[PDB]
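Summary of structural features
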Amino acid sequence: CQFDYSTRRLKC
Amino acid sequence: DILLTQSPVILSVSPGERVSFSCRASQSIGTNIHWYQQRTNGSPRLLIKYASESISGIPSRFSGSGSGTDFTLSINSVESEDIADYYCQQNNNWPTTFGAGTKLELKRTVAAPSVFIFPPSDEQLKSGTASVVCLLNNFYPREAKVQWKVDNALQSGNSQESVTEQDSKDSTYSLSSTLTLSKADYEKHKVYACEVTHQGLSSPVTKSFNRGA
Amino acid sequence: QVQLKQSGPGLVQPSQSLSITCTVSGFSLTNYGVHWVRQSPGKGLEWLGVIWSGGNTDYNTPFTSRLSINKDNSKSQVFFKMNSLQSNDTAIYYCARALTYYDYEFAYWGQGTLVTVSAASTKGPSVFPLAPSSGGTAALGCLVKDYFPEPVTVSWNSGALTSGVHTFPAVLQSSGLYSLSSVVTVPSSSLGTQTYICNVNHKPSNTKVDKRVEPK
Ligand SMILES: *[C@@H]1O[C@H](CO)[C@@H](O)[C@H](O)[C@H]1NC(C)=O
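Residues numbered from 1 in each chain as written, not as in the entry; some residues may be left out. Chains lettered and ligands numbered in written order. Heavy atoms only, no water. Residues with missing side-chain atoms left out of burial classes, pairs and counts.

As deposited, the entry is annotated with X-ray crystallography as its determination method and 2.481 Å as its resolution.

By the naming in the PDB entry, chain C goes by Cetuximab Fab heavy chain and is assigned to Mus musculus, homo sapiens.

By the naming in the PDB entry, chain B goes by Cetuximab Fab light chain and is assigned to Mus musculus, homo sapiens.

What to know about the interface of chain A and chain B
Listed per partner, the contact involves nine residues of chain A and 18 residues of chain B. Taking both partners together, chain A and chain B bury about 980 Å²; carbon and sulfur atoms supply 45% of that area. Summed over the shared surface of chain A and chain B, the number is two salt bridges. We note a salt bridge from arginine 9 of chain A to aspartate 85 of chain B, for which the minimum N-O separation is 2.7 Å. Among the elements that make up the side of chain A that touches chain B, the one with the highest residue count is strand β2 (residues 9-11) of chain A (three residues). Here the side of chain A that touches chain B is built from residues that sort into four nonpolar, two polar and three charged. (Contact = heavy atoms within 4.5 Å. Buried area = accessible area lost by both parts, 1.4 Å probe. Salt bridge = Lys/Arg side-chain N within 4 Å of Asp/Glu carboxyl O. Helix = DSSP H or I, 4+ residues; strand = E, 2+ residues; numbered from the N terminus. Nonpolar A, V, L, I, M, F, W, Y, C, P; charged D, E, K, R; others polar.)

Points about the nonpolar core
The biggest cluster of nonpolar side chains holds 67 residues, and the ones touching the most others in it are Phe21, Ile33, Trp35, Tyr86 and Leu104 of chain B together with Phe106 and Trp156 of chain C. Element by element, the count of residues in this core is highest for strand β13 (residues 137-147) of chain C, at five residues. Judged by nonpolar contacts, the second largest core, of 25 residues, contains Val12, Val34, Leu48 and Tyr59 of chain C. (Core = buried A, V, L, I, M, F, W, Y, C linked by side-chain atoms within 4.5 Å. Buried < 20%, exposed > 50% of the residue type's maximum accessible area, 1.4 Å probe, protein only.)

What to know about the site of the ligand
All names here are of chain C. As a matter of local geometry, the ligand sits amid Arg38, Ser40, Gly42, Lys43 and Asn88. A distance of 3.2 Å is found between an oxygen atom of the ligand and a side-chain nitrogen or oxygen belonging to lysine 43. Taking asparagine 88, its side chain carries an N or O atom lying 2.4 Å from an oxygen atom of the ligand. Protein chains bury 43% of the 360 Å² of accessible surface belonging to the ligand in isolation. Grouping the constituent residues of the shell around the ligand by class yields no nonpolar, three polar and two charged. (Near = heavy atom within 4 Å. Polar contact = N/O pair within 3.5 Å; in protein donor to acceptor, adjacent residues only side chain to side chain. Areas by Shrake-Rupley, 256 points an atom, 1.4 Å probe, with all protein chains shown as cover.)

Quick look at the layout of surface pockets
Here the largest pocket defines a volume of roughly 1,300 Å³. Lining the largest pocket are 48 residues, with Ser6 and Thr7 of chain A, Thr40 and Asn41 of chain B together with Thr167 of chain C positioned closest to its centre. Mapped onto the lining of the largest pocket, the elements with two or more residues apiece are β12 (129-139) of chain B together with β11 (113-117), β14 (153-156), β15 (165-167) and β17 (178-187) of chain C. Per-element accounting of the lining of the largest pocket gives the leading share, three residues, to β15 of chain C. (1 Å grid on protein atoms, 1.4 Å probe; cavity = no way out; pocket = protein on both sides within 12 Å on 5 of 7 lines; lining within 4 Å. Points joined across faces, edges and corners; volume = space filled by probe spheres on them.)

Focus on the pairing of strand β10 (residues 102-106) of chain B
Consecutive residues of a regular strand have side chains that alternate between opposite faces of the sheet. Residue and element names in this part refer to chain B. Burial analysis of β10 places four of its five residues in the buried class, the great majority of the element. Where strand β2 (residues 10-13) and β10 come together, four bridges link them in parallel fashion. Bridging from a neighbouring strand, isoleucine 10 pairs with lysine 103 of β10. Direction of pairing for strand β8 (residues 84-90) relative to β10: antiparallel, over a ladder of three bridges. Bridge pairing in β10 links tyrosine 86 to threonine 102. (Pairing = 2+ DSSP bridges.)

Here we look at the state of the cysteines
Residue and element names in this part refer to chain A. For the coordinates displayed, the defined rule picks out five disulfides over all chains. Two residues share a disulfide in this structure: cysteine 1 and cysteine 12, whose sulfurs sit 2.0 Å from each other. Sign of the S-S torsion, about 100 degrees for the bond between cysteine 1 and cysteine 12, identifies this disulfide as right-handed. With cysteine 1 in the segment before β1 (2-4) and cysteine 12 in the segment after β2, the pair connects residues that are eleven residues apart, well separated along the chain. (Disulfide = S-S within 2.5 Å.)

Observations concerning the sheet that holds strand β7 (residues 67-72) of chain C
All names here are of chain C. In spatial order, the strands read β1-β3-β8-β7; together these four strands make up an open sheet with antiparallel pairing. On the outer flanks of this sheet lie β1 (3-6) and β7, each paired with one strand and no other. Averaged over neighbouring strand pairs, the angle between their axes works out to 20 degrees when direction is ignored. In terms of strand pairing, β1 meets strand β3 (residues 18-25) through four bridges, oriented antiparallel. When the sheet's bridge partners are listed, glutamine 3 is paired in β3 with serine 25. (Axes fitted to C-alpha atoms, helices over the stretch in contact; angles between N-to-C directions.)

Topic: the pattern of salt bridges
Residues and elements named next belong to chain C. Applying the stated criterion across every chain, the model contains 13 salt bridges over all chains. For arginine 38, the salt bridge identified is with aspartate 89, shortest N-O distance 2.9 Å. With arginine 38 in strand β4 (residues 34-40) and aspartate 89 in the loop between β8 (77-82) and β9 (91-98), this pair connects stretches of sequence that are 51 residues apart. According to the relative accessible area criterion, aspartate 89 is buried, its value standing at 2%. As a salt-bridge pair, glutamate 214 and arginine 212 come within 3.2 Å of each other at their nearest N and O atoms. Under the relative-accessibility criterion, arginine 212 is labelled partly exposed at 40%.

Here is the structure:
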């Protein structure tokens, strides 16, 4: 997974 | 630097189940591990310090254990508010480093979406662009299809979707699909429709409007 | 009440420098070190450095050359500066405080500062109503369109309306500008009684817009 700085959540 | 490997990458559980996060260090680090929770749009939140020691204000269902290279964060009964990412951190060895994280997803019963369609506002049409919005509200699971049709012509490539993270209360998702046209094209057509397909619907559901009314 | 409040999000040009201020309260900078952590797509959570109680600094090895941390004890402010930013330096930057004055157990965090490294220009958003047109429940919202960079905050009725609110993640359009929608479901019988306003704040452009949403 990769961190998404728009939601501050891991986006996989 | 110490490499921290968190497994699994994604954890999917049901409410009430026990759940365990794993953090494996590239070499022995004693008990010098800290755990963090990150909710949607939040900053990291300290859950456990030094493998197992408690943190003020953290619910008692959170606990930790392990020593050496293998560490475990546990939730004895996960709640819908536990939906988040979880990170470990080692500080036995400068510099302090963080694992890549484990995402916690929550299963629940199938919930069909509620569908709404929004024509472009008269204010936006002054700018020469038309945004048509189709809303799929409070559904589960995440998979869903939105098919746009303008005067029965299938639209393709001129829409974009955005999906919320799992709601902390009911564990559902919500989805927005935005169809973007030029004002000239929008004024050339009448029937605007989004068709929603989802497991919770026995048939596809279509919300539509006629430009004007 | 220990708290850390950071300066607002902003855009930084490639090869330019980043500046962030962390104003602390509930404790004195003379008794606690303040750490700096960032969170990027490329490398996740990453510890950058720290300024200790007495003023000494430590910088993580890959930032020894372009990092600089200072503070003003009397004004309770910690100043973070990083030089020569590139695209992959785009991340959320936090200040943090440990549980004890010497440790790394980050119990208190700033709210974060989304730093975007891009050559583009700052642009405020336009806000368009999603006017309500099932089962007594009406849906309405706001279209927050054509802004850069992230983020934008949306509340409803100045924070008094939170139930049923969904603010969708921003999506990047082909123009290089972001767009998002924020919706809320309400009883349809309250549309003629209650006023519904979405409060849009794009701090990078200092754009603050309240949009009343009515049935058309
Ligand atoms: C940014 O790119 C440089 C150049 O390869 C790399 O050394 C650094 O780790 C990168 N930082 C990230 C991906 O956060």
